[PDB]
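*Asks:* Quick one: the structure is below, and I'll ask about it shortly.
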Amino acid sequence: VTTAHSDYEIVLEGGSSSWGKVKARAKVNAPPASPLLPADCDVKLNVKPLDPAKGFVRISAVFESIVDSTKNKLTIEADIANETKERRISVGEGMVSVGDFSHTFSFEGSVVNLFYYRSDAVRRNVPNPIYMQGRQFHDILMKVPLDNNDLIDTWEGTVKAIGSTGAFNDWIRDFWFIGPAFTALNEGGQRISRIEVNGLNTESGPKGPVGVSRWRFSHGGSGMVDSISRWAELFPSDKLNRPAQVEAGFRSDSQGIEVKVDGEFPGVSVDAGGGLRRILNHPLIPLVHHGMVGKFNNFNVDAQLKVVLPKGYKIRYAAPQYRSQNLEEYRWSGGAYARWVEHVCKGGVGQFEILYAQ
Amino acid sequence: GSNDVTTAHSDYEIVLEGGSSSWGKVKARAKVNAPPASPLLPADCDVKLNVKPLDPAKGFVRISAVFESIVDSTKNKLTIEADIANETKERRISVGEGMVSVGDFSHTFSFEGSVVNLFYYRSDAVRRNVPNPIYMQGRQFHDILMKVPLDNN
Amino acid sequence: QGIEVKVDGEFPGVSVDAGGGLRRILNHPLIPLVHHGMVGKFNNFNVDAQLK
Amino acid sequence: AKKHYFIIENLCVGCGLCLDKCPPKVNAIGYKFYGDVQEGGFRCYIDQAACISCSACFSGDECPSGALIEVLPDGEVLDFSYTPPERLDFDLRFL
Amino acid sequence: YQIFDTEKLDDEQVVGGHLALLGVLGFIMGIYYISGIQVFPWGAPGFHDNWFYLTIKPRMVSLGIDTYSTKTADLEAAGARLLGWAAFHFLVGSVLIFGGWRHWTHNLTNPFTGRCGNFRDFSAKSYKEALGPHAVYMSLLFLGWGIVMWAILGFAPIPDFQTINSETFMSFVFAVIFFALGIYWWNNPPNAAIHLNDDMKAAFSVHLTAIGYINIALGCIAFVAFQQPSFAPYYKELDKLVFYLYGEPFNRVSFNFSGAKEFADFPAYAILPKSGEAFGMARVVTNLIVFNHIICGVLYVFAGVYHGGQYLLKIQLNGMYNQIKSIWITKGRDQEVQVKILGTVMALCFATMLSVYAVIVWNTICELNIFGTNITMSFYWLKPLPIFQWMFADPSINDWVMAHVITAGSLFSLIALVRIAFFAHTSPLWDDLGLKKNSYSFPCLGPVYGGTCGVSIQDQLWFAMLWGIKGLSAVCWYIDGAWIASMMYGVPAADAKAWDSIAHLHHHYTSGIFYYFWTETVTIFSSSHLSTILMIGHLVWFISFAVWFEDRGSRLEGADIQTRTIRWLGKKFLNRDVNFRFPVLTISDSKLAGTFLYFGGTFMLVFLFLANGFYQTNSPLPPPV
Amino acid sequence: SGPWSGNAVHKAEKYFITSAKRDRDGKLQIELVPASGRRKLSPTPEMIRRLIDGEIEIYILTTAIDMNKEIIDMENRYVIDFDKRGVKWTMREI
Ligand code: BCL
Ligand code: BCL
Ligand code: BCL
Ligand code: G2O
Ligand code: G2O
Ligand code: SF4
Ligand code: SF4
Ligand code: SF4
Ligand SMILES: [Ca+2]
């Protein structure tokens, strides 16, 4: 049987704005594919405009989890800006703590995104492009203070491994993507190149030695990768005129999974040409990645998508059909919507499109 | 109670010929009520494959293929037409031409190709102990020379 | 909301010799099966068919 | 404002449904006869000096001849506020 | 009149409204029960017969609640039982209405315990998962009815299909099969997939049209069943009774009130006793029951098709019409089957009624001897085939025309229904030009191309109702014994009184089609109550012309002129007492209002044909030589 | 094709000319915009070949007088290159 109870809400804003509120609840009675149970997690994402002249924004992220009687925490906090429309700059710092061990770090990064082609026919014959092949290049300089015995041990072991073996650059990818993540890398459509180390140094600092490393890598995609094909959509620096948030939490166990999500941010709705707007095309990486854990138990589906529009907006060409119009709201439940939900909770990437106008 | 219904209606037919002939007619119908895993919908397509014997002395045959599709309010067409022959039992030669058109853009091409297929082994015990072999490892090599006229910007 | 299919064909190679005077339908190709298996696991379904 | 509406002359049939929605303070839509009104001789029109771009004339989805267009602010021309996705069809027979 | 439209309600409000309506039905049934009381158990000479209770009296007498007798104990017991059942109905109806309140406002919470309830699980997500448990729910209704009869009313379940004990036996047999069918659909839901998405308009329309044919089936079943020897104790025991109705010809009173009135009857203004066996009461009640379900059955069919069109149009405007796998859509989404299907039905309709109308006039010509013809030249020999003569008693020519008028009448209305089904958005002519349909209720498009009136699908519904009058009215004549075979009969003009003997009718029908009106109204004019219904029905009907003719613009003229008279007349006769500005119905409202006056006015009068007596003799009417 | 695909008003896909800018070539800027208005196309001899057969119609929108080769009668006989004569719609508000 294994019913799957889920509850969704989108709330939009009028005019030329693109902001939106998102709310989500979920429940299943199926065992998660985690070789360590139970597992709990909360995520806070916040972002505020540092200053619009430079385009600089400040973004924070906090993770706590309890994984089989073990507390894990990861804090990161950074400043990001688009230096060009295909280069991005970031300066940030954070820390990671597991059990009793903990250490901080400060990074200094740049990212460059390149597409394999720029043909304008692809721009005048296809109104809604989806797949777009390209490659990203990351250049990272990170400094970590060495104060613990274990930090010094890791540092010396890494220096010895980098010095001695000639296949460090490609074997590091084995340690990098631990467990099933590596497998997804092939299927999710990505390709990680061999890293290239530009030098590991150690310098005296405030309290003691600090290990400085700078390295470069690249990863390409066939179009399914959102971070490449949709480089412009995922960092809306224009509409961040007020702080935005994303705030989620799951709590897994030996008998089903619990989900809870809030969010409010721009980029929810985009122009679709001819005066009509649309909900943004659903990202594909989460769908195909979750499809690797969603095929283990056949399940029953019930859900309710509830979309609230501003004054004077109408939904036209909603595929599949909605069920009710409470004069501003549209509700989807059962039938073809339920079939589509069951389809996408197993890795399917079929399109459920909503167009609205005024 | 139980889970989703989603009946799948399908209809198949094979019709054979007698004697030492190997010809056959194949017919198929199918229907499902499930959403296709296409991030662009709707999507339609027709395919025509035809082949006629160019001449048996050389072994040359002529093969055509036409594709039309409408993918989310976008017409796509691909035509290819070629002549193929087995120069050896592990080499194949082909001379053909075609065109591809999407929306308003369109362009033609003419290709000139050879393909070589090689197996990793030829052990005859594999041929006298197994009556119906299935898996057979090997490698193919393609050599292509294609010309496309440059007329559009 | 579902998929429609329609196929005609007529060509040689449908039946092959199987040794000992018996013939057989050709061994089913494997690439189409495994390739379609990457889209056929998304919805559990009921089955009815003829082969004639 | 932007996005004018521009009733087409040659396609209009004079049903007048376009004229109903325009607010009474704005008599931007009118009639023209020039002949006998039984073979299509009373086609209507839009006055551009009074229209205030309500979109009541286009968003109502009432024109049956496709005579209202609602040209976009930059250069684009519409004909109806949404169009089906133009598939293509055949016949089936389950054997 | 679209306050309760389907696209504005969610799923629970349907359940709440249904429960409330069931409660209202219980209230009105109790009202009927105490309307059928004669003596009032304490003793209070009660009510006189009315048509509402006389329709249900045989069912009560079959159930051993009411009785056919006039004694001391009998009426006292019947009144007590009726009061008890009415009170029970009132109680259950109140409970049901309270439950309607509970389901309408999303408040499924227990009053005793502080519990809640989710409409999702307590289950089913879609309607096909709901079909299943409903069959289990109905198996309980059949089971309960067998229990109610056996425990309370006696009537132990016995398979004897001549007495009512078979009904008790059958309710247990049905509860077996509906339960067994219920489990299988709970595990294997069936699949017409499109009815789940817009499930409160699509699935509703299919059910409404399906219920329409069911009502027609029970309409015909009742007519055959009620004339069997098994049903004799409950239906033609009515004949040897004497009835006192409201609106009866009463004890008249002179101006001397003295005043030698009437027969010897102590009450003044007394209601005269009316014999129920010269008056064909046994058949009158049967006709009333049967006709109610036939006309309601037909109307549900038209509505079910009309609402299917409202859905069908909607999925063609957004775009999903191209997007259905259901075979119930692909069989007509071609525009070359539609012409062939509509062509083959409009030609069969042509071939059929022209055949009967040729026969009817030729028979009518032959009586009056127009153009020097005899009745021997008529179709007095066209009997149904001997393999079809079992479904009729006394097969003759009158049956032949009836069996074809029904076909001719039905297919004549099917033309409108098909044109609702197919040409909701586009028609071959409308796509022949560049044109749309966008509102399912737009009245026209203007005088272009000579006129474009009544092309929308709501107008097509009106014509199906208007064309359906001929088919429906043909039933009223036939079941009342009206000799629809020729349009004059029993007329003392030339040969109408000859049909009897040259055809060996072995019965005697009332009259012909025209002569139907002159006869029958002998009794209608005798009753003052029936006389008022006659005047009211004719007044309502002809008002339809005020809104059905092409005059709406003309009426918009006078409203403006009127507004200025009541404006200039409050000027110098009386002082300022006037601000009112006359409204005229729009064309869409004009047709909606016109069809109701036309359809309502004509059928309030059809009631007079049925509820005035049977008057079909059995005398072969010897020749007029 | 079928009446239920695309728009029901038209017998085939309709296009309009929206831009007439002169860029060193006179009339490079023929911008064929469809009825739905999601693209901005050009003459593009593939468009011309699908025009000439049965499937494209273009219109001129009285809101490149000679550069589109008006010929000589009824004030309108617009031809594109040699073959097909793009009919035009009128919107005279006066
Ligand atoms: C995931 C796919 C690609 C990837 C795609 C990107 C993209 C895209 C970007 C970076 C950028 C960065 N990446 Mg990288 N990067 C990857 C793998 C890595 C790895 C590693 C060991 O694997 C490292 C060290 C880095 C390092 C870095 C830094 C150089 C830089 C800034 C990080 C940041 O700001 O932190 C902050 C950390 C987070 C906020 C954690 C939350 C991350 C998730 C994905 C955010 C989800 C957004 C949520 C859906 C909506 C949020 C809205 C809220 C309103 C804010 N990347 C993988 C391979 N990387 C950024 C950059 O350009 O810097 C110049 C950038 O835009
Ligand atoms: C971008 C990744 C974060 C990071 C995130 C984590 C996480 C997450 C964990 C640790 C953990 C630990 N960290 Mg650390 N760690 C980083 C930077 C460092 C550096 C350094 C010189 O920069 C050192 C010495 C360490 C040292 C240590 C290990 C001794 C310790 C437990 C073993 C482990 O799995 O390590 C993991 C080692 C790393 C992820 C990379 C170490 C970098 C090496 C030493 C220097 C760079 C070499 C090479 C050029 C970079 C290759 C790219 C990476 C493979 C992706 N970290 C960077 C800043 N670190 C564990 C812990 O906290 O408690 C057990 C653990 O779970
Ligand atoms: C698909 C698996 C292999 C592949 C396997 C083969 C095989 C096997 C052959 C070729 C051959 C060719 N391939 Mg290769 N080839 C592949 C990928 C490519 C790619 C590319 C960009 O990816 C290119 C450019 C080519 C190019 C070419 C040309 C050099 C050459 C002739 C093509 C042809 O005649 O066209 C015509 C195009 C078609 C007819 C399209 C229809 C193709 C499908 C697979 C046919 C299905 C047959 C159907 C089931 C039954 C048809 C029966 C009807 C009665 C005819 N190949 C992939 C990697 N290639 C042929 C050759 O040898 O030339 C010397 C050959 O025999
Ligand atoms: C389309 C199918 C229909 C019918 C066939 C039908 C027949 C019919 N109708 Mg009708 N009718 C609807 C349709 C049909 N209604 C609809 C849709 C509506 C709107 C809802 C409607 C309305 C009303 C109203 C209001 C009234 C009637 C009548 C009424 C009856 C009288 C006609 C008659 O006598 O024919 C004359 C019949 C003869 C046999 C002629 C006898 C002459 C001579 C010997 C010779 C004449 C020469 C020749 C024979 C003429 C015929 C040539 C032919 C054979 C080639 C008659 C039986 C009238 C009355 O009955 O009034 C008492 C009346 O006033 N309806
Ligand atoms: C007995 C039936 C009728 C009237 C009563 C009447 C009344 C009326 N009609 Mg009419 N009418 C037809 C029947 C009746 N038309 C038919 C069958 C056609 C189709 C041929 C038709 C057609 C047109 C056209 C085309 C026009 C009009 C008008 C126009 C107005 C004129 C003002 C007037 O003469 O003042 C004098 C008006 C009166 C003295 C009305 C007083 C009556 C008293 C209260 C009797 C009671 C009425 C009834 C018994 C009570 C209603 C109960 C029912 C609901 C159960 C005026 C209200 C005109 C206007 O609307 O404006 C000028 C117009 O243009 N018609
Ligand atoms: S847009 Fe507004 S002002 Fe302009 S014609 Fe339409 S309704 Fe009138
Ligand atoms: S609705 Fe269309 S056809 Fe009718 S008058 Fe307006 S523009 Fe003309
Ligand atoms: S008379 Fe009435 S129905 Fe006829 S064209 Fe004019 S407005 Fe339309
Ligand atoms: Ca009578």
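Chains as they are written, first to last, in the entry's author numbering: chain V, 9 to 366; chain D, 5 to 157; chain A, 263 to 314; chain S, 129 to 223; chain B, 62 to 183, 198 to 332, 341 to 708; chain Y, 20 to 82, 87 to 117. The beta carbon of each residue, even a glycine, is placed where N, CA and C say it ideally should be.
1. Using a Cβ-Cβ cut-off of less than 8 Å, list which residues of the segment 158-173 of chain B approach chain S; keep chain order.
2. Verify the CB distance criterion: does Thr63 of chain Y have a CB-CB separation below 8 Å to chain D?
3. If we count Cβ pairs, one from each stretch, closer than 8 Å, do we get three or more for the segment 76-87 of chain B versus the segment 157-176 of chain B?
4. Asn266 of chain B and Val9 of chain D look like a contact to me (Cβ under 8 Å); what is the Cβ gap, rounded to whole Å?
5. At a Cβ cut of 7 Å, what residues of the segment 393-408 of chain B count as close to chain A, listed as they run along the chain?
6. Using a C-beta cutoff of 8 Å, does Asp15 of chain D count as contacting chain Y?
7. How about the segment 203-210 of chain S and the segment 33-47 of chain Y: do they share at least three Cβ pairs that are nearer than 8 Å?
8. Could you give the DSSP three-state label for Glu91 of chain V: helix, strand or coil?
9. So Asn272 of chain B contacts chain D; which residues on that side make the cut at Cβ distance below 8 Å?
10. Enumerate in chain order the residues of its own chain whose CB-to-CB distance from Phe597 of chain B is below 7 Å, with the five nearest sequence positions on each side excluded.
11. Using a Cβ cut-off of 8 Å, which residues of the segment 145-176 of chain S contact any Cβ in chain B, in chain order?
12. Leaving out five residues before and five after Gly216 of chain V in sequence, what residues of the same chain have Cβ atoms less than 8 Å from its Cβ?
13. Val267 of chain V and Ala38 of chain V: beta carbons closer than 8 Å?
14. Is the CB-CB distance between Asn308 of chain V and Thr11 of chain V below 8 Å?
15. Looking only at C-alpha atoms, which of S:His132, S:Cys140, S:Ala129 and S:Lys130 sits nearest to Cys191 of chain S?
16. Can you list the residues of chain D that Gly358 of chain V reaches, using a CB-CB cut of under 8 Å?
17. How far does the beta strand (DSSP E) with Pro57 of chain D in it reach, from first residue to last?
18. Specify, as a first and last residue, the run of the alpha helix (DSSP H) that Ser235 of chain V falls within.
19. Of all the alpha helix (DSSP H) runs that stay within the bounds of the segment 76-127 of chain B, which reach a length of 4 or more residues?
20. Could you give the distance in angstroms between the alpha-carbon of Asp175 of chain S and the alpha-carbon of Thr535 of chain B?
21. In terms of residues, what are the limits of the alpha helix (DSSP H) holding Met245 of chain B?
22. Check distances from the C-beta atoms of the segment 199-224 of chain B to those of chain V and list, in chain order, the residues that come in under 7 Å.
23. I need the straight-line Cα distance from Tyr16 of chain V to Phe249 of chain B, nearest angstrom please.
24. Using CA atoms only, rank isn't needed, just tell me which of B:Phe462, B:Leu206 and B:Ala430 is closest to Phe254 of chain B.
25. Which residues does DSSP list as the beta-bridge partners of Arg285 of chain V?
26. If the criterion is Cβ atoms closer than 8 Å, does the pair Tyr383 of chain B and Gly287 of chain B meet it?
27. Indicate whether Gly107 of chain B and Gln99 of chain B have their beta-carbon atoms separated by less than 8 Å.
28. Looking at the secondary structure, which residues open and close the alpha helix (DSSP H) in which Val439 of chain B lies?
29. Looking at C-alpha atoms only, which residue of Y:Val110, Y:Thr82, Y:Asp104 and Y:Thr63 is the closest neighbour of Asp96 of chain Y?
30. Measuring from the CB of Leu288 of chain A, is there a heavy atom of ligand 3 at a distance below 7 Å?
31. Looking at the secondary structure, which residues open and close the alpha helix (DSSP H) in which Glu272 of chain V lies?
32. My understanding is that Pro478 of chain B touches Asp583 of chain B, with C-beta atoms under 8 Å, so please give their C-beta distance in whole angstroms.
33. Less than 6 Å between C-beta atoms, sequence neighbours within five positions excluded: which residues of the same chain meet that for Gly63 of chain D?
34. Check this for me: beta carbons of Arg339 of chain V and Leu317 of chain V, under 8 Å apart or not?
*Replies:* Taking the definition as stated:
1. The residues in question: there are none.
2. Sequence index remark: in the sixth sequence, residue 63 of chain Y carries index 44 (1-based). For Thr63 of chain Y, the answer is yes, since a Cβ of chain D falls inside 8 Å of its Cβ.
3. These segments touch.
4. Locating residue 266 of chain B in the fifth sequence gives position 191, counting from the first residue. Locating residue 9 of chain D in the second sequence gives position 5, counting from the first residue. Rounded, the Cβ-Cβ distance is 5 Å, consistent with contact.
5. Taking 7 Å as the upper bound on Cβ-Cβ separation, chain A lies near residues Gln406 and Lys408 of the segment 393-408 of chain B.
6. On the second sequence, residue 15 of chain D is found 11 positions in, with the first residue counted as 1. It does not; no Cβ of chain Y falls within 8 Å.
7. By the Cβ rule, the segment 203-210 of chain S counts as touching the segment 33-47 of chain Y, because three or more pairs are nearer than 8 Å.
8. For the purposes of this step, residue 91 of chain V is taken as the residue at position 83 of the first sequence. Residue state, collapsed to three classes: coil.
9. Walking along the fifth sequence from the start, residue 272 of chain B turns up at place 197. Below the 8 Å Cβ cutoff, chain D contributes no neighbours of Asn272 of chain B, its closest Cβ being approximately 11 Å away.
10. Taking the fifth sequence and counting its residues from 1, the one referred to as residue 597 of chain B is at position 514. Once the five neighbours on either side are set aside, the close Cβ partners of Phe597 of chain B are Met570 and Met571.
11. Taking 8 Å as the cut-off between beta carbons, the residues of the segment 145-176 of chain S near chain B are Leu145, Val165, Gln166, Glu167, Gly168 and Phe170, in sequence order.
12. Numbered from its first residue, the first sequence carries residue 216 of chain V at position 208. Hits under 8 Å: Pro153, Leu154 and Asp155.
13. Your numbering for residue 267 of chain V matches position 259 in the first sequence. Your numbering for residue 38 of chain V matches position 30 in the first sequence. Contact annotation: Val267 of chain V and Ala38 of chain V have beta-carbon atoms that are not nearer than 8 Å.
14. Looking up residue 308 of chain V in the first sequence gives position 300. Looking up residue 11 of chain V in the first sequence gives position 3. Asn308 of chain V places its beta carbon less than 8 Å from that of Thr11 of chain V.
15. Numbered from its first residue, the fourth sequence carries residue 191 of chain S at position 63. When only C-alpha atoms are compared, the closest one is S:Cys140.
16. Indexing the first sequence from 1 puts residue 358 of chain V at position 350. By Cβ distance, chain D contributes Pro39, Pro40, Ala41, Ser42, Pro43 and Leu45.
17. Looking up residue 57 of chain D in the second sequence gives position 53. That run of the beta strand (DSSP E) goes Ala47 to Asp59.
18. Within the first sequence, the letter at position 227 stands for residue 235 of chain V. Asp234 to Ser237 is the extent of the alpha helix (DSSP H) around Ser235 of chain V.
19. Taken in chain order, the unbroken stretches of alpha helix (DSSP H) that lie wholly in the segment 76-127 of chain B and span 4 residues or more are 112-123.
20. Numbered from its first residue, the fourth sequence carries residue 175 of chain S at position 47. Numbered from its first residue, the fifth sequence carries residue 535 of chain B at position 452. Rounded to whole angstroms, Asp175 of chain S to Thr535 of chain B spans 27 Å at the Cα level.
21. In the fifth sequence, residue 245 of chain B corresponds to position 170, counting from 1. Start and end: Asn240 to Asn262.
22. The segment 199-224 of chain B vs chain V, Cβ under 7 Å: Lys200 and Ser201.
23. Start at 1 with the first residue of the first sequence, and residue 16 of chain V comes out as number 8. Start at 1 with the first residue of the fifth sequence, and residue 249 of chain B comes out as number 174. Taking the straight line from one Cα to the other gives about 44 Å.
24. Here residue 254 of chain B is taken as the residue at index 179 of the fifth sequence, counted from 1. Between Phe254 of chain B and the set B:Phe462, B:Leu206 and B:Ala430, the nearest pair of CA atoms involves B:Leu206.
25. If you number the first sequence from 1, residue 285 of chain V lands on position 277. Looking at the DSSP assignment, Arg285 of chain V forms a beta bridge with V:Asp279 and V:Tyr364.
26. For this step, residue 383 of chain B is matched to residue 300 along the fifth sequence. For this step, residue 287 of chain B is matched to residue 212 along the fifth sequence. Yes, Cβ-Cβ distance for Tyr383 of chain B and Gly287 of chain B is below 8 Å.
27. Sequence index remark: in the fifth sequence, residue 107 of chain B carries index 46 (1-based). Sequence index remark: in the fifth sequence, residue 99 of chain B carries index 38 (1-based). The Cβ atoms of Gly107 of chain B and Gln99 of chain B lie closer than 8 Å to each other.
28. Translated into positions along the fifth sequence, residue 439 of chain B becomes position 356. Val439 of chain B -> alpha helix (DSSP H) spans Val420 to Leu451.
29. The residue labelled residue 96 of chain Y in the question sits at position 73 within the sixth sequence. The residue from Y:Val110, Y:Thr82, Y:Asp104 and Y:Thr63 with its alpha-carbon nearest to that of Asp96 of chain Y is Y:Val110.
30. Sequence index remark: in the third sequence, residue 288 of chain A carries index 26 (1-based). No - ligand 3 has no heavy atom lying nearer than 7 Å to the Cβ of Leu288 of chain A.
31. Within the first sequence, residue 272 of chain V is the residue found at index 264, counting from 1. Not the alpha helix (DSSP H): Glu272 of chain V falls in the beta strand (DSSP E), residues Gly264 to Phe273.
32. For the purposes of this step, residue 478 of chain B is taken as the residue at position 395 of the fifth sequence. For the purposes of this step, residue 583 of chain B is taken as the residue at position 500 of the fifth sequence. Contact between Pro478 of chain B and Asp583 of chain B does not hold, since the beta-carbon distance rounds to 16 Å and is not under 8 Å.
33. Within the second sequence, residue 63 of chain D is the residue found at index 59, counting from 1. Sequence-distant Cβ neighbours of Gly63 of chain D in its own chain, meaning closer than 6 Å and more than five residues away, are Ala89 and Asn90.
34. Against the first sequence, residue 339 of chain V aligns to sequence position 331. Against the first sequence, residue 317 of chain V aligns to sequence position 309. No. Outside cutoff.
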